[PDB]
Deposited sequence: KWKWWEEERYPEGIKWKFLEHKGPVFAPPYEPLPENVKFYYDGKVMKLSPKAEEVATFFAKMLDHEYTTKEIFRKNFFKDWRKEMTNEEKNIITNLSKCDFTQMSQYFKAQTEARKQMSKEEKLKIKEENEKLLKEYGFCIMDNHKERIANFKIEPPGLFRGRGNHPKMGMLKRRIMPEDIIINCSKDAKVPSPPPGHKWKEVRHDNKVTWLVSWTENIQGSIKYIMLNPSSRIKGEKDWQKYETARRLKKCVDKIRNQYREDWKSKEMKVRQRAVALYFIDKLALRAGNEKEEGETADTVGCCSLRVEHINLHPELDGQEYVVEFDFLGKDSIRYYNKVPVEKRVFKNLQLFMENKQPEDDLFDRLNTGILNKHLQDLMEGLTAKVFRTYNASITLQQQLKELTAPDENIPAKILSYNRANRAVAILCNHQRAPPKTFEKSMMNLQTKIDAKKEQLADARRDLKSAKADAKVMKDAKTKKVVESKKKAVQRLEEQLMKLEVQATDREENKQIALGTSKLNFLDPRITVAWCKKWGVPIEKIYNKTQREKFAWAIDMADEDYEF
């Protein structure tokens, strides 16, 4: 182990002093198809050249996916699959609709069938294989210590698949070559040798970054990286600091609210726009809303990027007055609909930036993340739209606890409302078939284990009844042994009852990871002797190894 958190923090600016690694692990060569796995065009058989058979297969491996039916996918795919076609093959294949892939598909399926039940030796064999790879490449060296590499395996080539109505879906992710990679490391570390007879694209030494490799995505023309694992004194130190910055805000929070509140009424167009945006960002945990290069990602939004056509306005609605009806496509394209009753002053004000605008006009023109953060970073150091979602939620957790953690009860009773309370604190964020109806043939079943040890237990009396010794009275203590062991096996599922029914559409996998100070939980643990291993899992504990070792029941966010 290595308690880096007890170490003296680095100067502002520098990230590391020494860096060394074996670079990346490119993808495996293309394995051509057996002579007996045929492709078809216009019914006629056809043996595609490598690069084209390669792209051809990415489609085949996806046939059964509805994605393949959508226009933009079939459009984009062909467009590219064509690029990768040999001149003589282009004159033949002109549509992709006459292309019978049914064979290649049927081929890979069986291939998966053979991989879904193979030699118990092949399993333990490859498991020894992957581990082998994870020994040479899965780790790197940063400043006097070996530290885990997050994603050493480079992205294999294949058909791109964005989220939602993505315009690029179907395009082809090219296979990265040692020529497209950039290794980083220090001026004094040993530069890793690119595969036999190849060459890196650049080998810069830069202690200002934290990445080991990096190449550009040829689809969005963006940048991919390869960075350390969560347990890094580099990823963690930043996550820790993430929860620290949220703590500061925990002080001057009230001073910012009563602030921007008396900001809605500002003669200046700017400001009055900012404060509103900022308002929702605090009330409905929205996302800043950084503008998007039109055409690259599917149409989606955020607070700052909201258009007049995304919000409606009702003076009086569903009883409550002054209502702003939000309805737009958020991140990943997970829709956000929710009528919200705001402040009278915010509604009239909201209506302000509502005149002289078509539905496709920026609701908050003359405002944007830049201005918004630039200001929050004046009101407080490092404060940025985001910190809010982490602060609010973070405090409700330390809250909910003293709201449902009895001063002494069965463990389950704790982990009960614990992972139950924090539920509403993972849906106000809005994070998103035959499984529950499958609880009866189970719950009813084990629940009957109740009446099991219920009747009997009567044998606790029936037996040590008239009888008056101690040998017999040894069946009564055993009775109650089946009593907490099952009553729990009853209470140990009473949650999933309130969970899955109050946590369906709104998932919370982000909650128990990001936005919540792990200390809030690690201290609560130590407090009631509850084991950490019970809430978090093998990996989690490893990312929060700092929040475990240095937090006492005495901790307060």
| item | value |
| --- | --- |
| Deposited residues absent from the coordinates (by C-alpha) | 433-439 |
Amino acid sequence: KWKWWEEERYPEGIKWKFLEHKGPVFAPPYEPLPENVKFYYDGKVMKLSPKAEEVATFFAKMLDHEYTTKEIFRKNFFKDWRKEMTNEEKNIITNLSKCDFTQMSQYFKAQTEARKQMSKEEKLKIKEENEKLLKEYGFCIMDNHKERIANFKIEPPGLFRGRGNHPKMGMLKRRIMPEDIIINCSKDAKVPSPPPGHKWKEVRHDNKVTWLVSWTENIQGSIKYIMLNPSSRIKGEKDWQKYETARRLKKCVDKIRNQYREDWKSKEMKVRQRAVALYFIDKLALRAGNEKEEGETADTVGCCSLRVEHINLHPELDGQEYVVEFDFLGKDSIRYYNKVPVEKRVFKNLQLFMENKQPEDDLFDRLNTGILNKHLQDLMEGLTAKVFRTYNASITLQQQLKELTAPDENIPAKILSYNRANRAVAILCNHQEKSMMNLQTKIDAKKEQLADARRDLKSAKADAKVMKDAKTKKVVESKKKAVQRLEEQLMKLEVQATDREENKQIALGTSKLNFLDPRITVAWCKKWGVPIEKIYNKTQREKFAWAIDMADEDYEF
From here on, numbers count along this sequence of modelled residues.
{"property": "Mean C-alpha temperature factor, higher of 175-183 and 433-441", "result": "433-441"}
{"property": "Between the two ranges 371-379 and 351-359, the one averaging a larger CA B factor in the entry", "result": "351-359"}
{"property": "Residue with maximal Cα B-factor (values as given in the PDB entry) among 206, 268, 282, 309", "result": "268"}
{"property": "Candidate set 538, 9, 22, 17 [ranked by C-alpha B-factor, highest]", "result": "9"}
{"property": "Chain-wide C-alpha B factor ranking for residue 194, given as lowest, middle or highest third", "result": "middle"}
{"property": "Residue 57 - which third its CA temperature factor falls in, relative to the rest of the chain", "result": "lowest"}
{"property": "Chain-relative CA temperature factor third for residue 341", "result": "middle"}
{"property": "Chain-wide C-alpha B factor ranking for residue 242, given as lowest, middle or highest third", "result": "lowest"}
{"property": "Entry-reported Cα temperature factor of residue 422, expressed as the chain third it lands in", "result": "highest"}
